[PDB]
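**Student:** No letters, just coordinates:
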């Protein structure tokens, strides 16, 4: 499947793509403002994620750091990124269908649209100014808006027991972005697409 990753932000982002224990495609790349990077994700990829990283520095070997979404200091992510990270999440060719969502469960750094480029389902978007409106206690000094699990490490926020409800913090994410997961047990905003659909992830879609 192809995922065109497009940075519409006015700032550079370093896109990342991983399924947690492996890179997807090259795993990461710099996207200057307006750049598009098209990756190929193997059919059947389960639990893949794409995200933006901000304020990154990499040496010639592709080692360094980002202020948001850093994936073990690598340009080419092999693992998931350090919160806060708005997440485009997908599982492909799962009994004939693809499943996509956006999640704020690991916080929010960059606004995102995640849409199919092929027929048969709708896209999802979280493009509200979550960083600007972020509750004081969730603001990440490094940049972005942390989820409450990250900040407070409670069973309730992290849904450790598989028993948790919405919280003042989750409700903030949900209010700003109704169409993204705000906590682990949120009413799902997952979209079912045809198996083998193709997609575009757009950072800062609202230009």
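**Tutor:** Happy to help now that I have it. Numbers count the residues shown, from 1 in each chain.
**Student:** in the chain, which spans are helices?
**Tutor:** Applying DSSP state H to the chain gives helices spanning 130-133, 148-152, 155-158, 168-176.
**Student:** okay, which residue of the chain is out on the far edge from center?
**Tutor:** Outermost residue of the chain with respect to the C-alpha centroid, by Cα atoms, centre = their mean, is residue 60; its distance is 26.0 Å.
**Student:** Enumerate every residue touching the closest residue in space to residue 74 that isn't next to it in sequence.
**Tutor:** Nearest residue to residue 74 in three dimensions, chain neighbours excluded: residue 62, at 6.2 Å (Cβ to Cβ, 6 or more residues apart in numbering). Heads up, the C-betas are built off the backbone N, CA and C, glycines and all. Going by Cβ atoms under 8 Å, 6 or more residues apart in numbering, residue 62 touches 74, 75, 76.
**Student:** switch to 10 Å and redo it
**Tutor:** Going by Cβ atoms under 10 Å, 6 or more residues apart in numbering, residue 62 touches 26, 27, 28, 73, 74, 75, 76.
**Student:** Ok, residue 63 next?
**Tutor:** So residue 63 contacts 57, 72, 73, 74, 75, 76 (Cβ under 10 Å, 6+ apart).
**Student:** Tell me the one of the residues you listed nearest residue 178?
**Tutor:** When the contacts of residue 63 are compared for distance to residue 178 (Cβ to Cβ), residue 72 wins out at 32.4 Å.
**Student:** what's the burial count for the nearest residue to that closest one once chain neighbours are set aside?
**Tutor:** Spatial nearest neighbour of residue 72, excluding adjacent residues (Cβ to Cβ, 6+ apart): residue 79 at 5.5 Å. Residue 79 has 16 neighbours, counted by other Cβ atoms under 10 Å.
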